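**Student:** Take this structure, written in structure tokens, and hold onto it; I'll ask about it next.
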Amino acid sequence: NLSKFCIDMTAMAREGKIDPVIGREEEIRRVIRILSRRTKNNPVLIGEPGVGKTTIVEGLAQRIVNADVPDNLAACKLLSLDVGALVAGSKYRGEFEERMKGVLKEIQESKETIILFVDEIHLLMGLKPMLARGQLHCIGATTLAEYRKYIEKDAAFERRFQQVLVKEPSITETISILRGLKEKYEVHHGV
Amino acid sequence: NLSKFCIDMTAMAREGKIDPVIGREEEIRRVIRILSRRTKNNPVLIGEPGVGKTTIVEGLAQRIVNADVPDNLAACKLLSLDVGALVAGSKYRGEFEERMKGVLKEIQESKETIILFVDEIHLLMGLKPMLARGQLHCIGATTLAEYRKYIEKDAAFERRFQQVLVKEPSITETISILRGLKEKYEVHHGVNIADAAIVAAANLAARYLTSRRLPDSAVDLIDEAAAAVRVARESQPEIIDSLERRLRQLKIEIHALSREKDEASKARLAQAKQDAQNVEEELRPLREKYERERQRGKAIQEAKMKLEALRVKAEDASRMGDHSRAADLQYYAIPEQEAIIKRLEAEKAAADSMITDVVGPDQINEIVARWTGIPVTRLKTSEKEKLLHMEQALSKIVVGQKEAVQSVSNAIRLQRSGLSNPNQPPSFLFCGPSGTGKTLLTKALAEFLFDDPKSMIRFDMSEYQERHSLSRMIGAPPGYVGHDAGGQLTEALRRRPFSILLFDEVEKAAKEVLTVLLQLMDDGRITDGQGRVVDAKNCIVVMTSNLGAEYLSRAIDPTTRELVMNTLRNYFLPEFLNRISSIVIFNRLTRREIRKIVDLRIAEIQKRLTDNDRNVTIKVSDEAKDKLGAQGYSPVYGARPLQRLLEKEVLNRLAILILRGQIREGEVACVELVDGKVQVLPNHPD
Amino acid sequence: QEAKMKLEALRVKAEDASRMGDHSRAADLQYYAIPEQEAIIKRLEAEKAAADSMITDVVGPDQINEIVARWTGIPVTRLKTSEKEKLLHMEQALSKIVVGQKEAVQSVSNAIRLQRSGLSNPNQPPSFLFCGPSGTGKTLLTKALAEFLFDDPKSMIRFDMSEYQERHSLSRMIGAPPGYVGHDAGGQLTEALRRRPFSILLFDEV
Ligand SMILES: Nc1ncnc2c1ncn2[C@@H]1O[C@H](COP(=O)(O)OP(=O)(O)O)[C@@H](O)[C@H]1O
Ligand SMILES: Nc1ncnc2c1ncn2[C@@H]1O[C@H](COP(=O)(O)OP(=O)(O)O)[C@@H](O)[C@H]1O
Ligand SMILES: Nc1ncnc2c1ncn2[C@@H]1O[C@H](COP(=O)(O)OP(=O)(O)O)[C@@H](O)[C@H]1O
Ligand SMILES: Nc1ncnc2c1ncn2[C@@H]1O[C@H](COP(=O)(O)OP(=O)(O)O)[C@@H](O)[C@H]1O
């Protein structure tokens, strides 16, 4: 089983392994709204590194397990593909292609409705998850420049995604995040 | 086969994959007429993004399959080239050239008469489909600016096309489009769409979503509202959520109370079982009615989807002469289906907030509010309410021009109530000394009508003083001075129709430029540099002047009225002045009026202090307020020096004292008149 | 700290119990285990402050200012000084670099003080037009402002308007729609604002 390359984010949410998510309510509503479409129902988060793209997906995992989702997403297993361990853990050989087809087909067969999150999705554009029959739901993340230079140059693939701009928080917004994270980092380091 | 880059639009038409086309009959006749020529038989659609250029070609595909075309186009395969996937799906390498030659030569060989549609055709001009032997028929689409800057600069290629101007629809025309599209978007998202939302989307898109053109801006708005209700209808109502959680809570408390042995626990454990039972007694009827009724709204929506699919099969049967299958569907399948929808729907209203599966005006006003950033409360207020208290709203910004505020307010009320010429935009000439409120009133009008200072566009007539400058205003014919930049006015009217056009110091405009304003004021439309007539029914014209400040001393007086208006009669021709809705005169601001302007500005500074963390309150003594108003006014620059004067004398020191801690939180910044000069004093020594 | 860790672990088990409809175990934790734990933390913590530099187990502003200083290479002494102190003697600090432009130094200093004290529009960045002969201090004052506000010359980003003289050059400034001239490089200004928000934008020969 190609669980070597994916982590169950919905599982992590049930086990308290996801630090709290502060704010970002409208962005998570947008992701939910996009996913619930039948049209182009794959969100792509677009923001600078470190603005919180990943923790938005983490919040969605928290909402799936807490029934704070629409019915079409309630029984979803939200998987995070470790593309870093995939392209770097590989060479020019046919293992990049073989590894991704393996995970893409494990998603194929098993009967949980599965949403695949791929951070740094531009690394997959230099490959072809054209399982857009309604087989897989995908959440992508990348920066604006790399979305322009690597994702925007394959329209047919892009048009099935809908941009979600994730702006950088204000200082005021940042301390609310740090305040909300305060207790987790207190207990973790023991200080 | 290079079908990788093209989609068969005529095929899509037979498969019901093209949403309906509403109106636009004369434009489709023009395309048909051009295509049928032997001369220049390639139409190029020219219009702003989202006005419906593509759906015009889509309608032609509908006409080709329905034999509603002339014979020369009946057997045509209308292909749409995905130029976006072509130039972007490629680099500097020779694949752009190789990919296009491949498609251009697949068109070459196969024997269907093929019409190629290329949207955003300017992307192909930076290539050479000179197959104008009569090999390919081409339909192009682009905007006017890009047609001028990229298509008009290769004549030989251009002359084989014939322009088709696709103007932006009216609001009225836009709701007809949305009404015609209503059922398609209902079945697609599986929700219902109220008509008042459609009227709301069209009216609000035009007013507040000025960045995109009708009807796309209204279509995107309804489509986003529908998608927002697609998820609401698949979520439990709020009261089922709240009930279900208190129930689960009481079940926890019941398990816990049943362990403690004491007198008080047992008396409330029995009460907890009852409270649990009460909740379950309220929850089961509701949760049952919700699912009972969400299951039927879903049964209706598929009932609608098989109906539509039957009609596609039926339209194609009757098109291909298969009367056997066409009789199956048209007489038995489809009415059996329609009977299922009639019954499921009739019981739906009969069953009878909960189960939100409807796009209403609230959902439209909320979606816009998120996009526009305007509070939802300001969008729900009826236009009729604002207009009735318009003098109230403007007078909070403009002091001492009551006669002016009344004129602006009356003119606007005359047009929303339908008593003014619908082909003439409201036009104003503000006359009076500098710094009296002429520009400010226009800003207040912009923020009152469109809740956005950007809704006004400023033209300084000091930059249009010579006859040469007219091409800057309206554009120029090809090969001339500023053909590609276009005109400032004409380009503003195409991209921001619902705007306020401010012409500052109109007395200095060249007589040729004034002529354009008179056309704008009289006919509601102007002709650009290339003879093209651009529309302007939905704008507002404000012109400012100061040719009357000579006869206005600080005192409004009626004998002084025609000394300024006779000064106007020689600078402007009588036909110019007659076509202005209202010639409005501003007088000089009195000493008391200048004083409230000072209070207005400290109120704004007070707001930023409150908007930030600081609990510092600014109070101004009477005599200090008097010196500010005496130092502030000028018989030459009016109230203009006031904003900087406060900054220099009060705000500079008030800053320093705040950061020094000499005026702390909760205290008052007292601004006084010490030794005859305005100052604000500390409250604690350093 | 372990009392806090078992508390958190209990809340995970309790959240999952109530999620899976196990009201038996959910009542164990929510009503008995967790408050028995919370009572242990309340007592151990109450005596902690009551017992009463030594035992440094606190992240304070000094620890933040020191960590940054190591990363940024700025002396710790320059990071402890309050923003209010610098701004009050701003004319002093700039005048050590810019000679003979006292009216200019006062204008820059007053505008910055207007915004940290909250009296300027919070939606408008401070904007300046320096006007005067070459080699009088216009660029230098902007460098001194950069090193005074952010203690780094890199905090300013320079745009030479001699390279934006034609209408064609706007796409260089802000970018272009897909398939156009410099869609991928983006704009110089727009890309600068995304990646360096707290910057000084110098437009030379505007
Ligand atoms: N809304 C938020 N609430 C709590 N922590 C956040 C939030 N946004 C970002 N963070 C924190 O910021 C750090 C990086 O954020 P991340 O989501 O990884 O950024 P990105 O994925 O966009 O590079 C993480 O340690 C995360 O805990
Ligand atoms: N006459 C019309 N009838 C129905 N829908 C229309 C019409 N004109 C425009 N639309 C709608 O407006 C949206 C954008 O129109 P489109 O033709 O793509 O604009 P353009 O191609 O000029 O950018 C589409 O979703 C389309 O359904
Ligand atoms: N009647 C007035 N009420 C309030 N403020 C005014 C008035 N007249 C002038 N001002 C102030 O003076 C400034 C410039 O006035 P403006 O209306 O632009 O002058 P003009 O009459 O030359 O257009 C405005 O920003 C405003 O603050
Ligand atoms: N007022 C001044 N004080 C100190 N040095 C100056 C002054 N004006 C010019 N200089 C010197 O001249 C050089 C260039 O001056 P600069 O401010 O860039 O000129 P400009 O006014 O054209 O921007 C600086 O490196 C600086 O050394």
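Residues in the structure tokens are numbered from 1 in each chain, the chains being A, B, ... in the order shown, and ligands are numbered from 1 in the order shown.
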Could you write out as a PyMOL selection string the residues of chain A within 12 Å of chain B, counting only C-alpha atoms?
**Tutor:** chain A and resi 26-27+29-41+66-74+125+148-159+172
**Student:** For the selection just defined, write its residues with N, CA, C and O atoms to a file, as a short mmCIF file (atom, residue, chain, number, x, y, z; two decimals), in the first residue's frame.
**Tutor:**
```cif
data_model
loop_
_atom_site.label_atom_id
_atom_site.label_comp_id
_atom_site.auth_asym_id
_atom_site.auth_seq_id
_atom_site.Cartn_x
_atom_site.Cartn_y
_atom_site.Cartn_z
N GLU A 26 -13.22 32.97 6.15
CA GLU A 26 -13.72 33.17 4.80
C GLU A 26 -12.96 32.34 3.78
O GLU A 26 -13.54 31.89 2.79
N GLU A 27 -11.66 32.11 4.00
CA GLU A 27 -10.90 31.27 3.08
C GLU A 27 -11.34 29.81 3.18
O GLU A 27 -11.38 29.10 2.17
N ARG A 29 -14.36 28.82 4.08
CA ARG A 29 -15.66 28.76 3.43
C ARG A 29 -15.50 28.67 1.92
O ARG A 29 -16.20 27.89 1.26
N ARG A 30 -14.55 29.44 1.36
CA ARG A 30 -14.31 29.39 -0.08
C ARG A 30 -13.87 28.00 -0.52
O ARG A 30 -14.33 27.49 -1.54
N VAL A 31 -12.99 27.36 0.26
CA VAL A 31 -12.53 26.02 -0.09
C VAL A 31 -13.69 25.04 -0.06
O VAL A 31 -13.84 24.21 -0.97
N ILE A 32 -14.51 25.12 0.98
CA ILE A 32 -15.70 24.28 1.10
C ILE A 32 -16.64 24.54 -0.08
O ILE A 32 -17.14 23.60 -0.71
N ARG A 33 -16.87 25.82 -0.38
CA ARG A 33 -17.77 26.16 -1.48
C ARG A 33 -17.26 25.61 -2.81
O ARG A 33 -18.02 25.03 -3.58
N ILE A 34 -15.96 25.78 -3.08
CA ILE A 34 -15.39 25.27 -4.33
C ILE A 34 -15.52 23.75 -4.39
O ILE A 34 -15.98 23.19 -5.39
N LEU A 35 -15.13 23.07 -3.31
CA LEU A 35 -15.20 21.61 -3.29
C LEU A 35 -16.62 21.10 -3.52
O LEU A 35 -16.81 20.05 -4.13
N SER A 36 -17.63 21.85 -3.05
CA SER A 36 -19.01 21.43 -3.17
C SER A 36 -19.58 21.66 -4.57
O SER A 36 -20.62 21.09 -4.90
N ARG A 37 -18.92 22.47 -5.39
CA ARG A 37 -19.35 22.64 -6.77
C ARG A 37 -19.27 21.31 -7.52
O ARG A 37 -18.56 20.38 -7.12
N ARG A 38 -20.02 21.23 -8.61
CA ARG A 38 -19.80 20.16 -9.57
C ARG A 38 -18.98 20.64 -10.76
O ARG A 38 -18.37 19.81 -11.44
N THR A 39 -18.95 21.95 -11.00
CA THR A 39 -18.15 22.58 -12.05
C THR A 39 -16.66 22.34 -11.82
O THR A 39 -16.18 21.20 -11.89
N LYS A 40 -15.91 23.41 -11.57
CA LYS A 40 -14.50 23.31 -11.21
C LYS A 40 -14.43 23.28 -9.69
O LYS A 40 -14.51 24.32 -9.03
N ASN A 41 -14.29 22.08 -9.12
CA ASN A 41 -14.42 21.87 -7.69
C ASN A 41 -13.10 21.48 -7.03
O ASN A 41 -13.07 20.72 -6.06
N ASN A 66 -15.58 17.40 12.66
CA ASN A 66 -16.53 18.02 13.58
C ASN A 66 -17.91 18.21 12.98
O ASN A 66 -18.73 18.95 13.54
N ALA A 67 -18.19 17.57 11.84
CA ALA A 67 -19.46 17.69 11.11
C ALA A 67 -19.78 19.12 10.70
O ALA A 67 -20.88 19.37 10.17
N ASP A 68 -18.87 20.07 10.91
CA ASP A 68 -19.04 21.44 10.42
C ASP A 68 -18.76 21.56 8.93
O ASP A 68 -18.14 22.53 8.47
N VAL A 69 -19.19 20.58 8.16
CA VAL A 69 -19.05 20.57 6.70
C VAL A 69 -20.41 20.25 6.11
O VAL A 69 -21.29 19.71 6.79
N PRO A 70 -20.63 20.56 4.83
CA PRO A 70 -21.81 20.04 4.14
C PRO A 70 -21.73 18.53 4.00
O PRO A 70 -20.67 17.91 4.11
N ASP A 71 -22.90 17.93 3.74
CA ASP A 71 -23.03 16.48 3.76
C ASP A 71 -22.10 15.80 2.76
O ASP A 71 -21.59 14.71 3.04
N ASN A 72 -21.85 16.42 1.61
CA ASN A 72 -21.04 15.78 0.58
C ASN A 72 -19.59 15.58 1.01
O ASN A 72 -18.88 14.79 0.37
N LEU A 73 -19.13 16.26 2.06
CA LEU A 73 -17.76 16.14 2.55
C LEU A 73 -17.66 15.50 3.93
O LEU A 73 -16.55 15.38 4.45
N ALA A 74 -18.78 15.09 4.53
CA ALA A 74 -18.74 14.63 5.92
C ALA A 74 -17.91 13.37 6.09
O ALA A 74 -17.17 13.24 7.07
N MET A 125 4.19 19.90 -12.01
CA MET A 125 4.15 20.38 -13.38
C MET A 125 5.53 20.49 -14.02
O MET A 125 5.69 21.19 -15.02
N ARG A 148 2.03 31.23 -11.90
CA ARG A 148 2.08 31.87 -13.21
C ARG A 148 3.04 31.16 -14.15
O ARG A 148 2.74 30.98 -15.34
N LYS A 149 4.20 30.75 -13.64
CA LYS A 149 5.27 30.22 -14.48
C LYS A 149 5.17 28.73 -14.73
O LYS A 149 5.81 28.22 -15.66
N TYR A 150 4.41 28.01 -13.93
CA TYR A 150 4.38 26.56 -14.09
C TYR A 150 2.96 26.00 -14.16
O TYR A 150 2.73 25.01 -14.87
N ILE A 151 2.00 26.61 -13.46
CA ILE A 151 0.62 26.12 -13.47
C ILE A 151 -0.21 26.81 -14.55
O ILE A 151 -1.02 26.17 -15.22
N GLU A 152 -0.01 28.12 -14.74
CA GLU A 152 -0.80 28.87 -15.72
C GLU A 152 -0.47 28.48 -17.16
O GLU A 152 -1.23 28.85 -18.07
N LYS A 153 0.63 27.75 -17.38
CA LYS A 153 1.07 27.38 -18.72
C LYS A 153 0.56 26.01 -19.14
O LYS A 153 1.10 25.42 -20.09
N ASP A 154 -0.46 25.49 -18.46
CA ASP A 154 -1.18 24.27 -18.87
C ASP A 154 -2.65 24.57 -18.56
O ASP A 154 -3.17 24.13 -17.53
N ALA A 155 -3.29 25.33 -19.45
CA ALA A 155 -4.65 25.80 -19.21
C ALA A 155 -5.58 24.65 -18.86
O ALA A 155 -6.20 24.64 -17.80
N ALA A 156 -5.69 23.66 -19.76
CA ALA A 156 -6.61 22.54 -19.62
C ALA A 156 -6.59 21.96 -18.21
O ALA A 156 -7.64 21.66 -17.63
N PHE A 157 -5.38 21.81 -17.65
CA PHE A 157 -5.25 21.36 -16.26
C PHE A 157 -5.66 22.46 -15.28
O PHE A 157 -6.27 22.17 -14.25
N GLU A 158 -5.32 23.72 -15.57
CA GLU A 158 -5.60 24.79 -14.63
C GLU A 158 -7.09 25.05 -14.49
O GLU A 158 -7.58 25.25 -13.37
N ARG A 159 -7.83 25.06 -15.61
CA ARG A 159 -9.21 25.52 -15.59
C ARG A 159 -10.08 24.72 -14.64
O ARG A 159 -11.14 25.21 -14.23
N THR A 172 -1.43 42.81 13.61
CA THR A 172 -2.55 42.54 14.50
C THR A 172 -3.11 41.14 14.30
O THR A 172 -3.35 40.41 15.27
#
```
**Student:** Taking only C-alpha atoms and all ligand atoms into account, which residues are within 8 Å of ligand 2, as a ChimeraX atom specification?
**Tutor:** /B:19-24,47-56,119,141,177-178,180-181,214-217,219-220
**Student:** Please identify all residues of chain C having at least one atom at most 9 Å from any atom of chain A, considering only C-alpha atoms, and return them as a compact mmCIF listing (two decimals) with N, CA, C and O atoms, in the first residue's frame.
**Tutor:**
```txt
# COMPACT_ATOMS: atom_id res chain seq x y z
N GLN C 1 4.01 20.73 33.77
CA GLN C 1 3.99 20.56 32.33
C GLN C 1 3.42 19.20 31.93
O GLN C 1 2.70 19.11 30.92
N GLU C 2 3.70 18.14 32.69
CA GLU C 2 3.03 16.86 32.41
C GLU C 2 1.58 16.89 32.84
O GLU C 2 0.73 16.29 32.18
N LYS C 4 -0.27 19.36 32.44
CA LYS C 4 -0.87 19.94 31.25
C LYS C 4 -0.96 18.95 30.09
O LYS C 4 -1.88 19.03 29.27
N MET C 5 -0.01 18.01 30.00
CA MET C 5 0.02 17.10 28.86
C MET C 5 -1.01 15.99 29.00
O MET C 5 -1.61 15.56 28.00
N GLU C 8 -4.42 17.64 28.21
CA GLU C 8 -4.65 17.72 26.77
C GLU C 8 -5.00 16.36 26.19
O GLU C 8 -5.90 16.24 25.35
N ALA C 9 -4.30 15.31 26.63
CA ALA C 9 -4.58 13.98 26.11
C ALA C 9 -5.97 13.52 26.51
O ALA C 9 -6.66 12.84 25.73
N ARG C 11 -8.54 15.51 26.89
CA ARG C 11 -9.47 16.25 26.05
C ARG C 11 -9.54 15.66 24.65
O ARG C 11 -10.60 15.74 24.00
N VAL C 12 -8.45 15.08 24.15
CA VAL C 12 -8.50 14.40 22.86
C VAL C 12 -9.38 13.16 22.95
O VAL C 12 -10.26 12.94 22.11
N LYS C 13 -9.16 12.34 23.98
CA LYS C 13 -10.02 11.18 24.19
C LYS C 13 -11.47 11.59 24.41
O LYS C 13 -12.39 10.90 23.96
N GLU C 15 -13.00 14.49 23.30
CA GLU C 15 -13.54 14.98 22.04
C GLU C 15 -13.89 13.82 21.11
O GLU C 15 -14.90 13.87 20.39
N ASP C 16 -13.07 12.77 21.10
CA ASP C 16 -13.34 11.64 20.22
C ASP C 16 -14.48 10.78 20.73
O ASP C 16 -15.25 10.24 19.92
N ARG C 19 -17.57 12.46 19.87
CA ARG C 19 -17.72 12.45 18.42
C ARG C 19 -18.27 11.12 17.93
O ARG C 19 -19.04 11.08 16.96
N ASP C 57 12.59 30.09 32.96
CA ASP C 57 11.74 29.21 32.17
C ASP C 57 10.65 30.00 31.46
O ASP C 57 9.53 29.50 31.28
N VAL C 58 10.95 31.22 31.03
CA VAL C 58 9.97 32.13 30.45
C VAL C 58 10.55 32.76 29.19
O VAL C 58 11.70 33.20 29.17
N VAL C 59 9.75 32.80 28.13
CA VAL C 59 10.09 33.51 26.91
C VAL C 59 9.64 34.96 27.08
O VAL C 59 8.44 35.25 27.07
N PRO C 178 -2.42 36.64 -18.83
CA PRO C 178 -1.73 35.46 -19.38
C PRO C 178 -1.54 35.56 -20.89
O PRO C 178 -2.43 36.00 -21.63
N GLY C 179 -0.37 35.14 -21.35
CA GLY C 179 -0.04 35.14 -22.75
C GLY C 179 0.52 36.44 -23.28
O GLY C 179 0.76 36.54 -24.50
N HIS C 183 4.22 38.37 -18.61
CA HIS C 183 3.26 37.79 -17.68
C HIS C 183 3.96 37.05 -16.55
O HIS C 183 3.54 37.13 -15.39
N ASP C 184 5.06 36.37 -16.87
CA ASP C 184 5.73 35.48 -15.92
C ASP C 184 6.70 36.21 -15.00
O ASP C 184 6.78 35.88 -13.82
N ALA C 185 7.45 37.18 -15.53
CA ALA C 185 8.28 38.00 -14.65
C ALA C 185 7.43 38.78 -13.66
O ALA C 185 7.91 39.15 -12.58
N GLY C 186 6.17 39.02 -13.99
CA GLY C 186 5.32 39.83 -13.15
C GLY C 186 5.72 41.29 -13.25
O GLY C 186 6.51 41.70 -14.10
N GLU C 191 5.41 42.67 -7.48
CA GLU C 191 6.19 41.61 -6.86
C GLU C 191 6.97 42.13 -5.65
O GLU C 191 7.16 41.39 -4.67
N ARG C 194 4.46 42.26 -2.58
CA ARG C 194 4.08 40.98 -2.00
C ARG C 194 5.19 40.43 -1.11
O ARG C 194 4.91 39.89 -0.03
N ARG C 195 6.44 40.56 -1.53
CA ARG C 195 7.55 39.92 -0.85
C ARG C 195 8.28 40.82 0.14
O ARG C 195 9.04 40.31 0.96
```
**Student:** Quick one: residues within 6 Å of ligand 3, with only C-alpha atoms and all ligand atoms, as a list in words?
**Tutor:**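 Listed by chain and ascending number, the contacts are residues 397, 398, 399, 400, 434, 435, 436, 437, 438, 439, 440, 597, 639 and 640 of chain B.
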**Student:** With C-alpha atoms retained, write the just-selected residues as an mmCIF file, in the first residue's frame.
**Tutor:**
```cif
data_model
loop_
_atom_site.group_PDB
_atom_site.id
_atom_site.type_symbol
_atom_site.label_atom_id
_atom_site.label_comp_id
_atom_site.auth_asym_id
_atom_site.auth_seq_id
_atom_site.Cartn_x
_atom_site.Cartn_y
_atom_site.Cartn_z
ATOM 1 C CA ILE B 397 -19.922 66.691 3.926
ATOM 2 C CA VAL B 398 -20.632 69.986 2.138
ATOM 3 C CA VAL B 399 -21.271 73.029 4.343
ATOM 4 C CA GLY B 400 -22.756 76.331 3.232
ATOM 5 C CA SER B 434 -12.042 78.123 -5.306
ATOM 6 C CA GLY B 435 -12.266 76.059 -2.146
ATOM 7 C CA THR B 436 -16.022 76.492 -1.742
ATOM 8 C CA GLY B 437 -17.060 72.862 -2.258
ATOM 9 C CA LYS B 438 -17.418 72.313 -6.007
ATOM 10 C CA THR B 439 -15.058 69.337 -6.221
ATOM 11 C CA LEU B 440 -16.014 68.136 -2.741
ATOM 12 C CA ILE B 597 -15.619 72.876 8.457
ATOM 13 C CA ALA B 639 -11.150 76.536 2.505
ATOM 14 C CA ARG B 640 -8.211 74.740 0.845
#
```
**Student:** Residues contacting ligand 1 - anything with an atom at most 6 Å away, using only C-alpha atoms and all ligand atoms - can you give me those as a list in words?
**Tutor:** residues 20, 21, 22, 23, 24, 49, 50, 51, 52, 53, 54, 55 and 177 of chain A
**Student:** Export, as a compact mmCIF listing (two decimals), in the first residue's frame, the selected residues with N, CA and C atoms.
**Tutor:**
```
# COMPACT_ATOMS: atom_id res chain seq x y z
N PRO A 20 -4.13 24.47 16.72
CA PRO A 20 -5.34 25.25 16.40
C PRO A 20 -5.17 26.14 15.18
N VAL A 21 -6.30 26.43 14.54
CA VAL A 21 -6.37 27.35 13.41
C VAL A 21 -7.11 28.60 13.88
N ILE A 22 -6.48 29.76 13.71
CA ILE A 22 -7.02 31.03 14.18
C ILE A 22 -7.44 31.85 12.97
N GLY A 23 -8.70 32.31 12.97
CA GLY A 23 -9.21 33.12 11.89
C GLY A 23 -9.35 32.33 10.60
N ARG A 24 -9.18 33.04 9.48
CA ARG A 24 -9.18 32.45 8.15
C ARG A 24 -10.50 31.74 7.84
N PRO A 49 5.15 31.92 0.64
CA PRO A 49 5.51 30.86 1.59
C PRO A 49 5.37 31.34 3.03
N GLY A 50 4.62 30.57 3.82
CA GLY A 50 4.47 30.82 5.24
C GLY A 50 3.26 31.63 5.64
N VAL A 51 2.42 32.05 4.69
CA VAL A 51 1.23 32.83 5.03
C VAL A 51 0.13 31.98 5.66
N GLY A 52 0.24 30.66 5.60
CA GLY A 52 -0.73 29.80 6.25
C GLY A 52 -1.57 28.95 5.31
N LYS A 53 -1.08 28.73 4.09
CA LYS A 53 -1.83 27.92 3.13
C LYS A 53 -2.11 26.53 3.71
N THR A 54 -1.09 25.88 4.27
CA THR A 54 -1.29 24.53 4.78
C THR A 54 -2.28 24.51 5.94
N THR A 55 -2.16 25.45 6.87
CA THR A 55 -3.04 25.41 8.03
C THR A 55 -4.49 25.66 7.67
N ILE A 177 -2.95 35.03 16.00
CA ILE A 177 -2.49 33.68 15.72
C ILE A 177 -1.54 33.20 16.81
```
**Student:** When DSSP is applied to the backbone of this structure, which of segment 6-115 of chain C are assigned helix (DSSP H, G or I)? Write them out as a VMD selection string.
**Tutor:** chain C and resid 6 to 19 23 to 51 61 to 72 76 to 80 83 to 88 90 to 95 102 to 115
**Student:** Given a cut-off of 9 Å, which residues of chain C touch chain B, counting only C-alpha atoms, written out as a ChimeraX atom specification?
**Tutor:** /C:18,21-28,30-32,84-85,87-88,110-111,113-122,167,178-181
**Student:** Write down as a list in words the residues of segment 12-170 of chain A whose backbone DSSP state falls under strand (DSSP E or B).
**Tutor:**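 Here are the strand (DSSP E or B) residues of segment 12-170 of chain A: residues 42, 43, 44, 45, 46, 76, 77, 78, 79, 80, 81, 113, 114, 115, 116, 117, 118, 137, 138, 139, 140, 141, 142, 161, 162, 163, 164 and 165 of chain A.
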**Student:** Mind dumping the selected residues with C-alpha atoms as a compact mmCIF listing (two decimals), in the first residue's frame?
**Tutor:**
```txt
# COMPACT_ATOMS: atom_id res chain seq x y z
CA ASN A 42 -10.68 21.75 -6.94
CA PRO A 43 -9.32 24.73 -4.96
CA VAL A 44 -5.76 25.94 -5.42
CA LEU A 45 -4.42 28.10 -2.61
CA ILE A 46 -2.16 30.90 -3.88
CA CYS A 76 -14.17 12.36 3.44
CA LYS A 77 -10.60 11.19 4.08
CA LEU A 78 -8.39 14.23 3.43
CA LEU A 79 -4.93 13.01 2.42
CA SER A 80 -1.76 15.11 2.16
CA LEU A 81 0.62 13.94 -0.56
CA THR A 113 -14.41 9.71 -0.83
CA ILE A 114 -10.90 11.10 -0.77
CA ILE A 115 -9.66 14.67 -1.09
CA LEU A 116 -6.01 14.90 -2.03
CA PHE A 117 -4.03 17.90 -0.82
CA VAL A 118 -0.76 18.53 -2.68
CA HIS A 137 -10.94 15.93 -5.40
CA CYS A 138 -7.73 17.92 -5.23
CA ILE A 139 -6.56 20.87 -3.16
CA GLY A 140 -3.42 22.53 -4.45
CA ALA A 141 -1.06 25.08 -2.92
CA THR A 142 1.64 27.22 -4.53
CA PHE A 161 -9.01 24.64 -10.34
CA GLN A 162 -10.33 27.87 -8.85
CA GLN A 163 -7.89 30.36 -7.35
CA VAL A 164 -8.08 31.18 -3.65
CA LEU A 165 -5.84 34.12 -2.78
```
**Student:** Hey, which residues come within 9 Å of ligand 4 if we count only C-alpha atoms and all ligand atoms? Could you give them as a VMD selection string?
**Tutor:** chain C and resid 95 to 101 130 to 143 204
**Student:** Tell me, as a list in words, which residues lie within 10 Å of residue 87 of chain A, counting only C-alpha atoms; anything in the same chain fewer than 2 positions away does not count.
**Tutor:** residues 82, 83, 84, 85, 89, 90, 91, 92, 95, 96, 97, 99, 100, 123, 124 and 126 of chain A
**Student:** Generate the output file for the selected residues, C-alpha atoms, as a CSV table (one decimal), in the first residue's frame.
**Tutor:**
```csv
chain,number,residue,atom,x,y,z
A,82,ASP,CA,4.3,14.3,0.4
A,83,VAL,CA,5.5,15.6,-2.9
A,84,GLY,CA,8.8,16.6,-1.3
A,85,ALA,CA,9.5,13.0,-0.4
A,89,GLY,CA,13.2,10.8,-3.1
A,90,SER,CA,13.6,9.9,-6.8
A,91,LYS,CA,15.8,10.5,-9.8
A,92,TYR,CA,15.3,10.9,-13.6
A,95,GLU,CA,10.1,6.0,-10.3
A,96,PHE,CA,8.5,9.5,-10.2
A,97,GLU,CA,5.9,8.3,-12.7
A,99,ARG,CA,5.3,6.2,-7.6
A,100,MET,CA,2.6,8.7,-8.5
A,123,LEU,CA,6.6,20.7,-8.5
A,124,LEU,CA,4.2,18.2,-10.2
A,126,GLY,CA,7.9,19.9,-14.0
```
